[PDB]
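First comes the structure, then the notes that go with it.
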Protein chains: 2
Amino acid sequence: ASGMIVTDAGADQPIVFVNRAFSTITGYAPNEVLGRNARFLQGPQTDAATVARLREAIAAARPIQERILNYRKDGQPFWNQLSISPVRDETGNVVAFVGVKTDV
Amino acid sequence: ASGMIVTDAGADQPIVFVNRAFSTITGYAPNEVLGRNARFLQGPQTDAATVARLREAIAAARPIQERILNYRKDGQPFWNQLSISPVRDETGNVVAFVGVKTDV
Ligand SMILES: Cc1cc2nc3c(=O)[nH]c(=O)nc-3n(C[C@H](O)[C@H](O)[C@H](O)COP(=O)(O)O)c2cc1C
Ligand SMILES: Cc1cc2nc3c(=O)[nH]c(=O)nc-3n(C[C@H](O)[C@H](O)[C@H](O)COP(=O)(O)O)c2cc1C
């Protein structure tokens, strides 16, 4: 199943919701991740240029897809086919971001 | 502040998350709405044709915007400028629905 992360739009995009699949994939319970930026999923071999593209896309509220190296709670690396999109209201204001870890 | 509702994709789209603004707007606390279909917000003067258009859009996972009459927990009617979109993974599978009540 595909994991889903929802964050606030502003400040440092703290996580406000993760689905059940997220916990299966990552080994983290909601209470371990809520109120944190999702960058804690990254680790020593995560590609800097990929992180830079995510950073610029989120800052511009542009949808982006990247395959990024993440780490489970237990430290085991996994490939995250990650897609991030802004959630906008009808005035164009960004209300949230949604991230999907696609089950390929 | 715009309200946001996140539901599961399947079965009867149970609510899995609401933002703070949702509680301000509707008078319902998260624990009062989690696991329910959002149709409880409708009442006696809600337009049946508008409900039917939402029903068909969600069944087909099509984005839709409607101005729909909803009711606060205390019975106060309010106009909901509602936009619903599917959250898709990169295979096209629907992972969730997101609804926004646009603050006008
Ligand atoms: C909704 C959302 C979900 C995200 N999910 C992930 C994820 O699953 N894995 C990951 O490495 N980064 C994820 N990020 C990205 C990081 O939170 C952060 O934006 C990225 O590392 C670039 O910014 P930074 O250089 O400040 O860390 C997500 C971001 C958002 C807004
Ligand atoms: C994510 C999401 C948010 C929704 N938010 C609302 C809402 O704020 N108000 C409302 O009247 N209906 C909302 N709905 C619509 C109802 O849940 C339902 O789909 C609609 O009443 C039509 O289906 P029905 O004829 O089976 O009730 C939402 C649906 C989804 C998937």
>> Taking amide H atoms as placed 1.01 Å from N in the peptide plane, list the residues 5 or more away in sequence, or in a different chain, whose amide H sits under 5 Å from that of B:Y28.
In response: B:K73
>> Ignoring everything except DSSP H segments at least 4 long, calculate the 222 nm mean residue ellipticity for chain B; use -39,500 (n - 2.57) per segment, divide by total residues, nearest 500.
In response: -6000 deg cm²/dmol
> Can you list the residues, at least 5 places off or on another chain, whose amide H is less than 5 Å from the amide H of B:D47, using H built in the peptide plane?
Replying inline: B:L69
> In whole Å, how far is the Cα centre of the range A:36-104 from that of the range B:1-57?
Replying inline: 27
> Roughly what angle does helix A:48-60 make with the longest principal axis of chain A, taking Cα atoms, 0 to 90 degrees, to the nearest 10?
Replying inline: 30
> What residues have an amide H closer than 5 Å to that of B:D103, excluding those fewer than 5 places away on the same chain, when H is modeled at 1.01 Å from N in the peptide plane?
Replying inline: B:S2, B:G3
>> Closest beta-carbon to the A-to-B rotation axis: which chain A residue owns it, and what is the separation in whole Å?
In response: A:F17, 2
> If you place +1 on the Cβ of every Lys and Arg, -1 on the Cβ of every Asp and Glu, and leave all else neutral, what size is the dipole of chain A about its Cα centre, to the nearest 20 Debye?
Replying inline: 180
> For the range A:9-59, what class follows from the C-alpha gyration tensor (a ≥ b ≥ c being the square roots of its eigenvalues): rounded when a/c is under 1.5, otherwise prolate if a/b is larger than b/c, else oblate?
Replying inline: oblate
>> Output wanted: per-residue J couplings in Hz (rounded whole) for the range B:80-86, from phi through Karplus 6.51 cos²θ - 1.76 cosθ + 1.60, θ = phi - 60°, x for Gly and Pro.
In response: 10, 6, 9, 10, 10, 9, x
> Given charges of +1 on the Cβ of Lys and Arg and -1 on the Cβ of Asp and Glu, with all other atoms neutral, how large is the dipole of the protein assembly as shown about its Cα centre, in debye to the nearest 20?
Replying inline: 40
> Relative contact order for chain A: what is it in percent, counting Cα pairs under 8 Å that are at least 6 residues apart?
Replying inline: 30
> Going by a ≥ b ≥ c, the root eigenvalues of the Cα gyration tensor, does the range A:15-104 fall in the rounded group (a/c under 1.5), the prolate group (a/b larger than b/c) or the oblate group?
Replying inline: oblate
> With θ set to phi - 60° and the Karplus curve 6.51 cos²θ - 1.76 cosθ + 1.60, what are the ³J(HN,Hα) couplings of the range A:92-97 in order, to the nearest whole Hz, using x for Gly and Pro?
Replying inline: x, 5, 7, 8, 5, 10
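We did not get these values from a lab; they are worked out from the coordinates using the rules stated. We place every Cβ from the backbone using ideal geometry, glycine too, and count neighbours over all the protein chains shown.
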